[PDB]
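Asks:
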Amino acid sequence: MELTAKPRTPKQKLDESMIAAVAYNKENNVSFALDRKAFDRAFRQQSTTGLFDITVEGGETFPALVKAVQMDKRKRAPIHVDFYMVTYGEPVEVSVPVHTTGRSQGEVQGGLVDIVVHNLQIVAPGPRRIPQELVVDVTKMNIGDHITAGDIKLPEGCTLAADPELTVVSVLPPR
Amino acid sequence: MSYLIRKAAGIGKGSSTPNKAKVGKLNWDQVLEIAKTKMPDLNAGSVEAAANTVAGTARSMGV
Amino acid sequence: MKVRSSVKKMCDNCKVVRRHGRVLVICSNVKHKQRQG
Amino acid sequence: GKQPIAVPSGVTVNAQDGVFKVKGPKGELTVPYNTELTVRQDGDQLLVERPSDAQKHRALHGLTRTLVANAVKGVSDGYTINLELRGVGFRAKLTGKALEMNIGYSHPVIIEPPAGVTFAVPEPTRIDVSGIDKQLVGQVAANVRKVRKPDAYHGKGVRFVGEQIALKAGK
Amino acid sequence: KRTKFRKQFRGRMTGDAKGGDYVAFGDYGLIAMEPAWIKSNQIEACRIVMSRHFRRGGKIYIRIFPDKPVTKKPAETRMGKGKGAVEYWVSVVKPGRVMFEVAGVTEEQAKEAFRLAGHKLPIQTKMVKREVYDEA
RNA sequence: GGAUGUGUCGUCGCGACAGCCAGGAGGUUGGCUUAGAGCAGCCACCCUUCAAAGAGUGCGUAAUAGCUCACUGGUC
RNA sequence: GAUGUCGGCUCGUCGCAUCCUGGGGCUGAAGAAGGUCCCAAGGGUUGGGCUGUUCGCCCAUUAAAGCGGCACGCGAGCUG
Ligand SMILES: [Mg+2]
Ligand SMILES: [Mg+2]
Ligand SMILES: [Mg+2]
Ligand SMILES: [Mg+2]
Ligand SMILES: [Mg+2]
Numbered sequence: 001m002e003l004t005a006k007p008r009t010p011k012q013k014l015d016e017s018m019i020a021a022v023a024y025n026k027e028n029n030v031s032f033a034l035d036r037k038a039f040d041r042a043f044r045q046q047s048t049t050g051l052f053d054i055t056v057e058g059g060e061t062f063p064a065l066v067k068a069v070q071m072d073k074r075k076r077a078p079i080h081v082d083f084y085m086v087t088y089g090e091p092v093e094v095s096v097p098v099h100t101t102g103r104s105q106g107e108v109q110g111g112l113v114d115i116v117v118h119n120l121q122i123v124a125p126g127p128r129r130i131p132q133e134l135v136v137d138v139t140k141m142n143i144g145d146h147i148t149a150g151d152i153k154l155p156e157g158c159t160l161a162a163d164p165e166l167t168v169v170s171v172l173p174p175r
Numbered sequence: 074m075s076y077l078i079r080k081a082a083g084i085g086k087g088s089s090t091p092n093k094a095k096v097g098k099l100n101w102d103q104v105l106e107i108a109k110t111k112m113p114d115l116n117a118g119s120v121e122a123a124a125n126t127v128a129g130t131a132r133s134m135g136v
Numbered sequence: 001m002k003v004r005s006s007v008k009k010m011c012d013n014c015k016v017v018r019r020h021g022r023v024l025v026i027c028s029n030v031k032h033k034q035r036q037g
Numbered sequence: 005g006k007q008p009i010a011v012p013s014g015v016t017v018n019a020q021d022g023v024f025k026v027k028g029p030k031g032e033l034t035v036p037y038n039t040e041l042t043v044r045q046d047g048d049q050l051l052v053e054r055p056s057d058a059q060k061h062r063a064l065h066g067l068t069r070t071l072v073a074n075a076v077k078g079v080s081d082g083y084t085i086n087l088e089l090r091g092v093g094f095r096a097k098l099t100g101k102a103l104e105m106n107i108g109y110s111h112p113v114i115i116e117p118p119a120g121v122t123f124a125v126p127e128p129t130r131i132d133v134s135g136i137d138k139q140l141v142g143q144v145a146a147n148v149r150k151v152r153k154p155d156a157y158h159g160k161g162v163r164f165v166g167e168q169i170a171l172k173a174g175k
Numbered sequence: 006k007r008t009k010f011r012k013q014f015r016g017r018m019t020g021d022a023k024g025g026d027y028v029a030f031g032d033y034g035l036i037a038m039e040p041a042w043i044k045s046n047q048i049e050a051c052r053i054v055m056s057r058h059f060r061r062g063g064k065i066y067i068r069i070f071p072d073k074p075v076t077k078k079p080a081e082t083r084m085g086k087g088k089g090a091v092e093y094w095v096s097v098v099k100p101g102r103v104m105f106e107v108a109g110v111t112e113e114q115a116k117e118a119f120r121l122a123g124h125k126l127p128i129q130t131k132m133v134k135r136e137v138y139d140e141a
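Protein chains in written order, with the deposited numbering: chain S, 1 to 175; chain F, 74 to 136; chain 4, 1 to 37; chain E, 5 to 175; chain J, 6 to 141.
Set out below in structure tokens:
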């Protein structure tokens, strides 16, 4: 993403393929303005658990991590994006999404595996080593089995945020 | 081969739901006689591949 | 011949043909002769 | 898209103005086309080029390429569609050069050919439509087929060669 | 469908979407693209229909409960006040409000259920996919 | 609502693709439900041979068959 | 300081969501006899019993016994 202009008047952004965004941490709060296509292709991969090189016009590579993204309504195309400069030891609480691998021993019996909470926020992600995904064992589940956060293997060097007894995934009964 | 399995494991009919409640369970020895009687009906080429052929039938039957 | 305001496919033989300002559909199966006009 | 075009000695292509006259041993046939659509005989064979490459031009490209091939094959060997008379009591005679129908109808249907098309009977139970212009040959033979459309129970009337006509059946 | 207890009457006003989100409580969702009034009965229309296409699962969520009573004309005349207390309940819906959402099933199995449960609706709709992460 | 009507931006993947000649499984009549085999519905969608034929798409019969596609080679 | 009200009789005309006559597609259309849909207002669309009836039921027939409008057409035209 070769960031360039960064004014306060979006008059030179809206007609063209550009999207407004801002990056900050504490010391510097300079408003930005990245490209549409550039972001709609990067954010699809790293989402909010992956940092990407942000070089401003002139030669300034600043590492940042997507925080929150407001979405334009009525249209899938986003309109504003928030970034957060990576600190290096402790910076902010990052949300990590929960996937599912391997067929359960409940899906076959008749039931169906349903994820209660798709995105699971943790405490202290640790820079340089942000968990971009999270693999949870689901095969050990049968009919009515509830797998909380106290059952999910840690990335390493990271801690949970939600209630230890909060059901993340559960196999619902058929029909 | 289904008729042979229903006589060996002593299966009366089968299983409407092979995903919840199965039937019985046999051994590989009973498979040996099956691939030995229905040889003209089998290609499969030596040994195991014929052995793995019958397995696929019992798997979707409830054995 | 069945006149339907919503002429869509029904098999893998229905072929939409744009003639003189009309939406038609030719098909081996004669019961699949839909035409908006 | 189509570029190959079979040209042989017996034909004569004349790209004069908008009227593309073509001569042959079977008879001279005229086939008009467009002016913007470039076309000429380059070297030995004939090529049909097009100004622009979208649809309004490509749609006419293959169009002309084929029609010219039809005039060539028409003046070289000629077209002859072979029909068939299938059914009970179905037959056809000949009166000089006009085809005489006789299929179920109380009164025989007389079909007279236009200028340039000639009928032929091998058989009481076969029809043969010969002509020069490939369009006329079809346009004429067709009329013959319209006389009695193959019914979806016995497949009577007139057909081609063998037509594939599956029977629905009563019953 | 219908509320268990309320005041009774109401009014009428349509502003832009407020509390509608791209995805939650499942993987696929169905969003409106025109403001209108979604009758209770229309919701039964959609729900039942999607249950015909889904033998088992029960993973069909409907978080657009109607909370809007509407009046009606009893016979004729105009010499009277509030007419027709009990008619039907309608749930307001603005472009970008998620009405329906399913999961467990595939892609094709979802393009049918929303489709079908789309022809009943007074308005147009489009089916979306995941890649939204606002609040949680 | 529907559609190979066009113009202009985007997102997925591919010696093709369409056509033409040829081949098409052996386990198998899969297990099951019923008066009763790719194609009413429950369940799976496993193995082998191979340059290769997915227990499977549509039409069909009371079931059968048959006619084809997905997959392979050749000719442009 | 007035736009005469229902029905009937009389006299017509018009539209097409066609009652029957014509020209087609499909059919669980063999044929015959139908169903349904598309095109088409040229012409036709009966006589009686009960009721003020408009409707409707019934008798006897017919290819058919269409559905609306024209101030629910028409009272300086008639009945009342
Ligand atoms: Mg007066
Ligand atoms: Mg009409
Ligand atoms: Mg008949
Ligand atoms: Mg009288
Ligand atoms: Mg009047």
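C-beta atoms are modelled at their ideal positions from N, C-alpha and C, and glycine is treated no differently.
At 4 residues or longer, what runs of the alpha helix (DSSP H) sit wholly inside the region 78-103 of chain F?
Replies: none
Asks: Could you tell me which residues DSSP puts in a beta bridge with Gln121 (chain S)?
Replies: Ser95 (chain S)
Asks: Within the continuous alpha helix (DSSP H) that includes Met55 (chain J), where are the two ends?
Replies: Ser45 to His58
Asks: Is the distance from the Cβ of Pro100 (chain J) to the Cβ of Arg74 (chain S) below 8 angstroms?
Replies: yes
Asks: Looking only at its chain, what residues have a beta carbon closer than 6 angstroms to the beta carbon of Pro29 (chain E), apart from the 5 residues adjacent to it on each side?
Replies: Apart from the 5 residues on each side of it in sequence, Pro29 (chain E) sits with its Cβ closer than 6 angstroms to the Cβ of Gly14 in its chain, given in chain order.
Asks: So does the region 98-115 of chain F actually touch the region 75-83 of chain F, counting three or more Cβ pairs closer than 8 angstroms?
Replies: yes
Asks: Give me the residue from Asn18 (chain E), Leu87 (chain E), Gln59 (chain E) and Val43 (chain E) with the minimum Cα distance to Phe164 (chain E).
Replies: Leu87 (chain E)
Asks: With 8 angstroms set as the bound, which would you pick, yes or no: does the beta-carbon of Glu136 (chain J) sit closer than that to a beta-carbon of chain S?
Replies: Yes, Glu136 (chain J) counts as interfacial toward chain S.
Asks: I'd like to know if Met71 (chain S) contacts chain J, where contact means its C-beta is closer than 8 angstroms to some C-beta of that chain.
Replies: yes
Asks: In whole angstroms, what is the alpha-carbon distance linking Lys67 (chain S) and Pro10 (chain S)?
Replies: 22 angstroms
Asks: What residues of chain S sit near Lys64 (chain J), judged by a beta carbon separation below 9 angstroms?
Replies: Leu112, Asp114 and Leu172
Asks: Could you name the residues of the same chain whose beta carbon sits closer than 6 angstroms to that of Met141 (chain S), not counting the 5 residues immediately before and after it, in chain order?
Replies: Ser104, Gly106 and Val171
Asks: Which residue marks the beginning of the alpha helix (DSSP H) containing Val148 (chain E), and which one marks its end?
Replies: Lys138 to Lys150
Asks: Closest by CA to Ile9 (chain E), which one among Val23 (chain E), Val52 (chain E) and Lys25 (chain E)?
Replies: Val52 (chain E)
Asks: Which partner residues does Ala23 (chain S) have in the DSSP bridge list?
Replies: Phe83 (chain S)
Asks: For a contact defined as C-beta to C-beta under 8 angstroms, what are the partners of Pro100 (chain J) on chain S?
Replies: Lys73 and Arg74
Asks: Note down the Cα distance separating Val86 (chain S) from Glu93 (chain S), rounded to an integer number of angstroms.
Replies: 11 angstroms
Asks: Would you list the residues sitting across from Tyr33 (chain J) in a DSSP beta bridge?
Replies: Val107 (chain J)
Asks: Per the contact definition of three or more C-beta pairs closer than 8 angstroms, is the region 30-49 of chain J in contact with the region 101-114 of chain J?
Replies: These segments touch.
Asks: Does the beta carbon of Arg44 (chain S) come closer than 8 angstroms to any beta carbon on chain J?
Replies: yes
Asks: In the DSSP output, which residue or residues are listed as bridge partners for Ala19 (chain E)?
Replies: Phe24 (chain E)
Asks: Please compile the residues from chain S whose C-beta is within a distance smaller than 8 angstroms of the C-beta of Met38 (chain J).
Replies: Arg74
Asks: Going by the beta-carbon positions, is the gap between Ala82 (chain F) and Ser88 (chain F) smaller than 8 angstroms?
Replies: no
Asks: Identify the contact partners of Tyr27 (chain J) in chain S, using a Cβ-Cβ distance below 7 angstroms as the criterion.
Replies: Among the residues of chain S, those whose CB is under 7 angstroms from the CB of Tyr27 (chain J) are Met71, following chain order.
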